[PDB]
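Down below is the structure, laid out as structure tokens.
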Protein chains: 2
Amino acid sequence: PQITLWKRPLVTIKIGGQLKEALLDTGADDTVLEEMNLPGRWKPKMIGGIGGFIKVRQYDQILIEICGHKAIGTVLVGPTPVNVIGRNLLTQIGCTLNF
Amino acid sequence: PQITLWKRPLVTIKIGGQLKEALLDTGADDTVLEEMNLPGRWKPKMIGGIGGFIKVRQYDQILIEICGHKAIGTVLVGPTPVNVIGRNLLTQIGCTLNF
Ligand SMILES: CCOP(=O)(COc1ccc(C[C@H](NC(=O)O[C@H]2CO[C@H]3OCC[C@H]32)[C@H](O)CN(C[C@@H](C)CC)S(=O)(=O)c2ccc(CO)cc2)cc1)OCC
């Protein structure tokens, strides 16, 4: 689809078999989701945002469906204020900016 | 134009008579720029993201030229680690997400 930006670009995602709402975020290199349970191994990582760094759980090669489009990539889970879909996955679904 | 998301969506902007590089950020409600001594009145504001909040100065009705496209709106100035063009201005240049 074509998504305008008058409102936050929020979409439904499916991860680990569960539905959630997430923000398409071209300013995020990586995808960061609020605290949740995901199966499989994970390793600790640090990521920095506008206000500092947070500790996240890095899950690699995770299946995630974004607005009906499949992706398999890295998903960071931690105390983010909002579920954000970053460029690592936006590229997989063929997302571009246009004006 | 069309901007793929393999790399950070960095573009040149013109603000207050100065040229800068900034990130086209669909995840930012409002525009946040690196410290710059702009003229005119302003109001204190706190904005939050990953890592917490930072203190910024809110200037209203500021003109920015983004890839030759003009836009006028609120600009937040403070110790941001990156120049971010938010939805308040991206809407004015006709920017959409497409996949
Ligand atoms: C030298 C480099 O500095 P740095 O590493 C951090 O640099 C960056 C800092 C921020 C960004 C942009 C933000 N992206 C981000 O958080 O991405 C994280 C995850 O993916 C990684 O990739 C890049 C960083 C990591 C996001 O797009 C927009 N935000 C809101 C969303 C979170 C929705 C709540 S918001 O900025 O907070 C914000 C809040 C309120 C307003 C007013 O309306 C305007 C902007 C990009 C790079 O310093 C370490 C301390």
Side-chain angles (χ1 to χ4, degrees), chain A residues 3 5-6 8-11 13 20-35 44 46-60 62 64 66 71 73-92 95 97, chain B residues 3 5-11 13 15 20-33 35-36 42 44-60 62 64 66 71 73-92 95 97:
Chain A
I3 301 174
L5 298 172
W6 302 101
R8 290 202 186 199
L10 295 169
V11 301
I13 64 172
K20 296 170 161 289
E21 181 157 271
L23 189 69
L24 304 179
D25 186 354
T26 59
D29 299 340
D30 303 305
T31 295
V32 193
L33 305 178
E34 299 171 275
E35 171 61 18
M46 304 293 304
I47 65 176
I50 213 184
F53 288 83
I54 64 170
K55 297 161 72 173
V56 297
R57 288 150 34 206
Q58 177 174 328
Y59 294 85
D60 288 333
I62 292 291
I64 178 167
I66 296 158
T74 295
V75 173
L76 316 182
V77 179
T80 177
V82 167
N83 299 319
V84 298
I85 303 300
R87 293 186 296 100
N88 72 305
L89 300 183
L90 296 173
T91 54
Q92 289 198 22
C95 191
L97 284 170
Chain B
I3 300 173
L5 298 170
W6 294 117
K7 68 201 239 180
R8 290 184 165 120
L10 296 172
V11 301
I13 69 176
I15 169 162
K20 302 170 179 305
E21 299 289 284
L23 207 61
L24 304 178
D25 191 354
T26 60
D29 294 348
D30 285 305
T31 296
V32 192
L33 301 182
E35 178 56 36
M36 59 184 309
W42 55 274
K45 190 178 171 64
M46 290 278 280
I47 57 165
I50 279 172
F53 287 76
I54 60 170
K55 297 167 189 174
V56 300
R57 305 193 306 275
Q58 171 177 341
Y59 297 82
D60 302 325
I62 302 303
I64 304 192
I66 303 148
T74 297
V75 171
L76 312 176
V77 172
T80 182
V82 162
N83 291 328
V84 155
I85 307 304
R87 294 187 297 99
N88 70 306
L89 302 184
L90 293 175
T91 54
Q92 299 187 33
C95 190
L97 289 166

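One-based numbering, in listed order, for ligands and for the atoms of each. Here is how names work: the chains are called A, B, and so on, in the same order as the sequence lines, proteins then strands, and each is numbered from 1. Heavy-atom basis, side chains included; hydrogens, waters and symmetry copies ignored.
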#### Entry: Considering all heavy atoms, the nearest B:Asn88-B:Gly73 contact
ND2-C, 4.2 Å
Which protein N or O atoms sit under 3.5 Å from any N or O of ligand 1? Give each pair with its distance.
unit_1: ligand 1; atom_1: 14 (N); unit_2: A:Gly27; atom_2: O; d: 3.2
unit_1: ligand 1; atom_1: 20 (O); unit_2: A:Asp29; atom_2: N; d: 3.4
unit_1: ligand 1; atom_1: 20 (O); unit_2: A:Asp30; atom_2: N; d: 3.2
unit_1: ligand 1; atom_1: 20 (O); unit_2: A:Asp30; atom_2: O; d: 3.3
unit_1: ligand 1; atom_1: 22 (O); unit_2: A:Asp29; atom_2: N; d: 2.8
unit_1: ligand 1; atom_1: 27 (O); unit_2: A:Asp25; atom_2: OD1; d: 2.5
unit_1: ligand 1; atom_1: 27 (O); unit_2: A:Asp25; atom_2: OD2; d: 3.1
unit_1: ligand 1; atom_1: 27 (O); unit_2: B:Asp25; atom_2: OD1; d: 2.8
unit_1: ligand 1; atom_1: 27 (O); unit_2: B:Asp25; atom_2: OD2; d: 2.5
unit_1: ligand 1; atom_1: 43 (O); unit_2: B:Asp30; atom_2: N; d: 2.7

#### Entry: Residues B:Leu33, B:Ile64; criterion side-chain contact (heavy atoms from CB on, under 4.5 Å); working and verdict
CA-CA 11 Å; B:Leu33 301 182; B:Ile64 304 192; 4.3 Å; yes
## Note on the structure
Tightest non-hydrogen contact, residues A:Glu21 and A:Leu10, listed as OE2-CD1, 3.5 Å
### Task
Write down the atom of B:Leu97, the atom of A:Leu24, and the distance for their closest heavy-atom approach.
CD1-CB, 3.7 Å
### Shortest non-hydrogen contact between A:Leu5 and B:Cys95, atoms and distance
CD1-O, 3.5 Å
#### Entry: Partner of A:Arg87 under side chain to side chain donor-acceptor pair (under 3.5 Å), chosen from A:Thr26, A:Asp29, A:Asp30
A:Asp29
